[PDB]
file protein_9.txt (compact mmCIF, C-alpha atoms)
# COMPACT_ATOMS: atom_id res chain seq x y z
CA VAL X 1 73.18 -68.18 -11.08
CA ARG X 2 76.79 -68.18 -9.95
CA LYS X 3 76.08 -71.09 -7.63
CA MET X 4 74.03 -73.09 -10.07
CA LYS X 5 76.78 -72.70 -12.62
CA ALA X 6 79.36 -73.82 -10.10
CA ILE X 7 77.19 -76.81 -9.37
CA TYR X 8 77.03 -77.56 -13.05
CA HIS X 9 80.78 -77.27 -13.30
CA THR X 10 81.18 -79.90 -10.62
CA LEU X 11 78.55 -82.04 -12.25
CA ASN X 12 80.72 -81.96 -15.31
CA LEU X 13 83.53 -82.78 -12.94
CA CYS X 14 82.28 -86.33 -12.76
CA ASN X 15 82.27 -89.83 -14.22
CA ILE X 16 79.04 -90.80 -15.95
CA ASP X 17 78.15 -94.44 -15.44
CA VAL X 18 76.63 -96.61 -18.13
CA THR X 19 74.64 -99.17 -16.18
CA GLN X 20 72.74 -96.67 -14.05
CA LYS X 21 71.47 -93.18 -14.41
CA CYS X 22 73.78 -92.40 -11.52
CA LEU X 23 77.11 -90.65 -11.34
CA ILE X 24 79.98 -92.15 -9.38
CA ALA X 25 83.01 -90.07 -8.52
CA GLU X 26 86.31 -90.34 -6.73
CA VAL X 27 86.06 -87.73 -3.94
CA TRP X 28 88.68 -86.97 -1.25
CA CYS X 29 87.22 -85.57 2.02
CA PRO X 30 88.81 -85.10 5.49
CA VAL X 31 88.39 -88.11 7.85
CA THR X 32 87.61 -85.49 10.52
CA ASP X 33 84.59 -84.41 8.52
CA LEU X 34 83.48 -87.91 7.52
CA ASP X 35 80.51 -87.94 9.86
CA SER X 36 79.64 -84.42 8.88
CA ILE X 37 79.59 -85.42 5.25
CA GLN X 38 77.55 -88.53 5.80
CA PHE X 39 74.93 -86.46 7.58
CA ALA X 40 75.12 -83.97 4.74
CA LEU X 41 74.54 -86.75 2.23
CA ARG X 42 71.52 -87.83 4.21
CA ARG X 43 70.07 -84.31 4.24
CA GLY X 44 70.68 -83.79 0.54
CA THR X 45 69.19 -87.04 -0.60
CA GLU X 46 66.36 -86.77 1.93
CA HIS X 47 65.11 -83.62 0.30
CA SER X 48 65.06 -85.50 -3.02
CA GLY X 49 62.12 -87.85 -3.67
CA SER X 50 64.24 -90.84 -4.78
CA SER M 1 83.39 -103.69 -3.31
CA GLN M 2 83.07 -100.81 -5.75
CA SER M 3 83.71 -103.13 -8.67
CA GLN M 4 81.06 -105.50 -7.37
CA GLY M 5 78.43 -102.84 -6.81
CA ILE M 6 79.08 -101.73 -10.37
CA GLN M 7 78.81 -105.28 -11.72
CA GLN M 8 75.55 -105.86 -9.86
CA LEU M 9 74.11 -102.71 -11.40
CA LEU M 10 75.37 -103.80 -14.80
CA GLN M 11 73.54 -107.09 -14.29
CA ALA M 12 70.38 -105.16 -13.50
CA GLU M 13 70.87 -103.15 -16.69
CA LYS M 14 71.38 -106.36 -18.66
CA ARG M 15 68.14 -107.75 -17.31
CA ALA M 16 66.36 -104.53 -18.21
CA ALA M 17 67.70 -104.79 -21.75
CA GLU M 18 66.53 -108.38 -21.93
CA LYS M 19 63.10 -107.55 -20.57
CA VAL M 20 62.32 -104.94 -23.17
CA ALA M 21 63.83 -106.90 -26.07
CA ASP M 22 61.72 -109.90 -25.05
CA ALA M 23 58.69 -107.64 -24.83
CA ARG M 24 59.31 -106.51 -28.42
CA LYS M 25 59.61 -110.14 -29.53
CA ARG M 26 56.31 -110.87 -27.84
CA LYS M 27 54.79 -107.85 -29.56
CA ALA M 28 55.77 -109.29 -32.92
CA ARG M 29 54.34 -112.64 -31.90
CA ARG M 30 51.12 -111.14 -30.62
CA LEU M 31 50.66 -109.23 -33.88
CA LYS M 32 51.00 -112.37 -35.97
CA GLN M 33 48.60 -114.11 -33.62
CA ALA M 34 46.22 -111.18 -34.03
CA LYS M 35 46.21 -111.67 -37.77
CA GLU M 36 45.53 -115.39 -37.57
CA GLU M 37 42.82 -114.95 -34.97
CA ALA M 38 41.30 -112.22 -37.04
CA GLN M 39 41.04 -114.53 -39.98
CA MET M 40 39.46 -117.18 -37.77
CA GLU M 41 36.91 -114.62 -36.66
CA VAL M 42 36.34 -113.70 -40.28
CA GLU M 43 35.59 -117.33 -41.02
CA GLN M 44 33.04 -117.45 -38.21
CA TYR M 45 31.46 -114.23 -39.41
CA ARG M 46 31.34 -115.69 -42.90
CA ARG M 47 29.60 -118.82 -41.72
CA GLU M 48 26.97 -116.76 -39.97
CA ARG M 49 26.33 -114.52 -42.96
CA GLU M 50 26.21 -117.57 -45.26
CA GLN M 51 23.52 -118.97 -43.04
CA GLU M 52 21.56 -115.74 -43.12
CA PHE M 53 21.79 -115.65 -46.89
CA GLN M 54 20.51 -119.21 -47.28
CA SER M 55 17.75 -118.53 -44.79
CA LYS M 56 16.71 -115.48 -46.77
CA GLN M 57 16.73 -117.35 -50.07

call {"tool": "encode", "arguments": {"input": "protein_9.txt", "output": "structure tokens"}}
result
Amino acid sequence: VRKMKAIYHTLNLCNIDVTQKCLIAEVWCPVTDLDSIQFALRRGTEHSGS
Amino acid sequence: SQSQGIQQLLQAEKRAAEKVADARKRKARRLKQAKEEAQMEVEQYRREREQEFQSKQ
């Protein structure tokens, strides 16, 4: 519950687009971890059916 | 290119909006057509029943 809530907090911590049912956000992440994050994005979205 | 990806998506949204509005316009058109065709069918039905009546008489 604590985690889902935190997730929800972040989801509120977003910009809701109008043209797409997609959220776009400004996110700052370390260049060092840029590959790590791109692989993480792949894993996250890969679980999802879309 | 962020602004452009956004604009391209907005264009897709615009098309979607157009596609359903046009579908609703067609619906209205199809309904009027339905009424006119119905009446045309009624006229054919009428002719057939008129013929049956005269045959019977």

call {"tool": "interface_residues", "arguments": {"input": "protein_9.txt", "of": "chain M", "to": "chain X", "cutoff": "9 Å", "atoms": "only C-alpha atoms", "output": "VMD selection string"}}
result
chain M and resid 6 to 7 9 to 14

call {"tool": "residues_near_point", "arguments": {"input": "protein_9.txt", "point": "(82.9, -88.8, -12.7)", "cutoff": "6 Å", "atoms": "only C-alpha atoms", "output": "compact mmCIF listing (two decimals) with C-alpha atoms, in the coordinates of the input"}}
result
# COMPACT_ATOMS: atom_id res chain seq x y z
CA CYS X 14 82.28 -86.33 -12.76
CA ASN X 15 82.27 -89.83 -14.22
CA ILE X 16 79.04 -90.80 -15.95
CA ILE X 24 79.98 -92.15 -9.38
CA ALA X 25 83.01 -90.07 -8.52

call {"tool": "atom_distance", "arguments": {"input": "protein_9.txt", "atom1": "atom CA of residue X:48", "atom2": "atom CA of residue X:2"}}
result
22.0 Å

call {"tool": "axis_aligned_box", "arguments": {"input": "protein_9.txt", "around": "stretch 34-45 of chain M", "padding_each_side": "5 Å", "output": "AutoDock Vina command-line options"}}
result
--center_x 38.8 --center_y -114.3 --center_z -37.5 --size_x 24.8 --size_y 16.3 --size_z 17.0

call {"tool": "decode", "arguments": {"input": "protein_9.txt", "residues": "stretch 7-33 of chain X", "atoms": "N, CA and C atoms", "output": "PDB file, in the first residue's frame"}}
result
ATOM      1  N   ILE X   7       3.538   5.594  -5.664  1.00  0.00           N
ATOM      2  CA  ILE X   7       3.466   5.571  -7.106  1.00  0.00           C
ATOM      3  C   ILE X   7       2.418   6.563  -7.519  1.00  0.00           C
ATOM      4  N   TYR X   8       1.295   6.547  -6.816  1.00  0.00           N
ATOM      5  CA  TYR X   8       0.210   7.451  -7.141  1.00  0.00           C
ATOM      6  C   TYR X   8       0.661   8.884  -6.946  1.00  0.00           C
ATOM      7  N   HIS X   9       1.467   9.125  -5.921  1.00  0.00           N
ATOM      8  CA  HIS X   9       1.914  10.477  -5.654  1.00  0.00           C
ATOM      9  C   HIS X   9       2.652  10.952  -6.880  1.00  0.00           C
ATOM     10  N   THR X  10       3.576  10.119  -7.351  1.00  0.00           N
ATOM     11  CA  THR X  10       4.395  10.491  -8.490  1.00  0.00           C
ATOM     12  C   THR X  10       3.501  10.684  -9.692  1.00  0.00           C
ATOM     13  N   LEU X  11       2.500   9.825  -9.833  1.00  0.00           N
ATOM     14  CA  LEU X  11       1.646   9.945 -10.990  1.00  0.00           C
ATOM     15  C   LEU X  11       0.952  11.282 -10.941  1.00  0.00           C
ATOM     16  N   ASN X  12       0.684  11.772  -9.737  1.00  0.00           N
ATOM     17  CA  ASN X  12       0.116  13.098  -9.645  1.00  0.00           C
ATOM     18  C   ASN X  12       1.198  14.090  -9.985  1.00  0.00           C
ATOM     19  N   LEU X  13       2.433  13.689  -9.740  1.00  0.00           N
ATOM     20  CA  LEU X  13       3.588  14.525  -9.988  1.00  0.00           C
ATOM     21  C   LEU X  13       3.892  14.439 -11.481  1.00  0.00           C
ATOM     22  N   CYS X  14       2.956  14.931 -12.280  1.00  0.00           N
ATOM     23  CA  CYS X  14       3.074  14.751 -13.715  1.00  0.00           C
ATOM     24  C   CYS X  14       2.342  15.862 -14.449  1.00  0.00           C
ATOM     25  N   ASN X  15       2.565  15.911 -15.763  1.00  0.00           N
ATOM     26  CA  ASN X  15       1.790  16.719 -16.695  1.00  0.00           C
ATOM     27  C   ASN X  15       0.917  15.847 -17.583  1.00  0.00           C
ATOM     28  N   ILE X  16      -0.382  16.103 -17.541  1.00  0.00           N
ATOM     29  CA  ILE X  16      -1.352  15.304 -18.271  1.00  0.00           C
ATOM     30  C   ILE X  16      -1.521  15.936 -19.645  1.00  0.00           C
ATOM     31  N   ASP X  17      -1.278  15.155 -20.686  1.00  0.00           N
ATOM     32  CA  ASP X  17      -1.392  15.684 -22.030  1.00  0.00           C
ATOM     33  C   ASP X  17      -2.851  15.691 -22.455  1.00  0.00           C
ATOM     34  N   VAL X  18      -3.151  16.489 -23.471  1.00  0.00           N
ATOM     35  CA  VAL X  18      -4.497  16.529 -24.004  1.00  0.00           C
ATOM     36  C   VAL X  18      -4.641  15.697 -25.270  1.00  0.00           C
ATOM     37  N   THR X  19      -3.630  15.666 -26.137  1.00  0.00           N
ATOM     38  CA  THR X  19      -3.854  14.953 -27.387  1.00  0.00           C
ATOM     39  C   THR X  19      -3.826  13.441 -27.232  1.00  0.00           C
ATOM     40  N   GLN X  20      -3.171  12.939 -26.203  1.00  0.00           N
ATOM     41  CA  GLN X  20      -2.976  11.512 -26.068  1.00  0.00           C
ATOM     42  C   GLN X  20      -3.262  11.080 -24.651  1.00  0.00           C
ATOM     43  N   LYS X  21      -3.716   9.846 -24.501  1.00  0.00           N
ATOM     44  CA  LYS X  21      -3.911   9.377 -23.146  1.00  0.00           C
ATOM     45  C   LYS X  21      -2.542   8.853 -22.721  1.00  0.00           C
ATOM     46  N   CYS X  22      -1.636   9.813 -22.559  1.00  0.00           N
ATOM     47  CA  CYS X  22      -0.235   9.575 -22.254  1.00  0.00           C
ATOM     48  C   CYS X  22       0.223  10.725 -21.383  1.00  0.00           C
ATOM     49  N   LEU X  23       1.075  10.446 -20.416  1.00  0.00           N
ATOM     50  CA  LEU X  23       1.626  11.520 -19.622  1.00  0.00           C
ATOM     51  C   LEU X  23       3.078  11.752 -19.995  1.00  0.00           C
ATOM     52  N   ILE X  24       3.429  13.021 -20.123  1.00  0.00           N
ATOM     53  CA  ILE X  24       4.768  13.442 -20.503  1.00  0.00           C
ATOM     54  C   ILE X  24       5.293  14.231 -19.320  1.00  0.00           C
ATOM     55  N   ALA X  25       6.520  13.943 -18.901  1.00  0.00           N
ATOM     56  CA  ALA X  25       7.070  14.697 -17.786  1.00  0.00           C
ATOM     57  C   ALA X  25       8.512  15.117 -18.012  1.00  0.00           C
ATOM     58  N   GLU X  26       8.886  16.235 -17.394  1.00  0.00           N
ATOM     59  CA  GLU X  26      10.289  16.602 -17.346  1.00  0.00           C
ATOM     60  C   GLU X  26      10.923  15.805 -16.222  1.00  0.00           C
ATOM     61  N   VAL X  27      11.918  14.986 -16.564  1.00  0.00           N
ATOM     62  CA  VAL X  27      12.576  14.121 -15.542  1.00  0.00           C
ATOM     63  C   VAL X  27      14.093  14.301 -15.650  1.00  0.00           C
ATOM     64  N   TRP X  28      14.761  14.551 -14.522  1.00  0.00           N
ATOM     65  CA  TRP X  28      16.242  14.669 -14.532  1.00  0.00           C
ATOM     66  C   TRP X  28      16.837  13.376 -13.974  1.00  0.00           C
ATOM     67  N   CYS X  29      17.700  12.719 -14.753  1.00  0.00           N
ATOM     68  CA  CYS X  29      18.312  11.436 -14.317  1.00  0.00           C
ATOM     69  C   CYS X  29      19.811  11.474 -14.624  1.00  0.00           C
ATOM     70  N   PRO X  30      20.671  10.803 -13.825  1.00  0.00           N
ATOM     71  CA  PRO X  30      22.115  10.900 -14.051  1.00  0.00           C
ATOM     72  C   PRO X  30      22.519  10.338 -15.419  1.00  0.00           C
ATOM     73  N   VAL X  31      23.408  11.045 -16.123  1.00  0.00           N
ATOM     74  CA  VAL X  31      23.906  10.552 -17.441  1.00  0.00           C
ATOM     75  C   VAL X  31      24.499   9.159 -17.217  1.00  0.00           C
ATOM     76  N   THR X  32      25.246   8.994 -16.122  1.00  0.00           N
ATOM     77  CA  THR X  32      25.823   7.709 -15.764  1.00  0.00           C
ATOM     78  C   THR X  32      24.790   6.604 -15.831  1.00  0.00           C
ATOM     79  N   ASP X  33      23.576   6.873 -15.380  1.00  0.00           N
ATOM     80  CA  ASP X  33      22.566   5.833 -15.314  1.00  0.00           C
ATOM     81  C   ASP X  33      21.668   5.816 -16.539  1.00  0.00           C
TER      82      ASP X  33
END
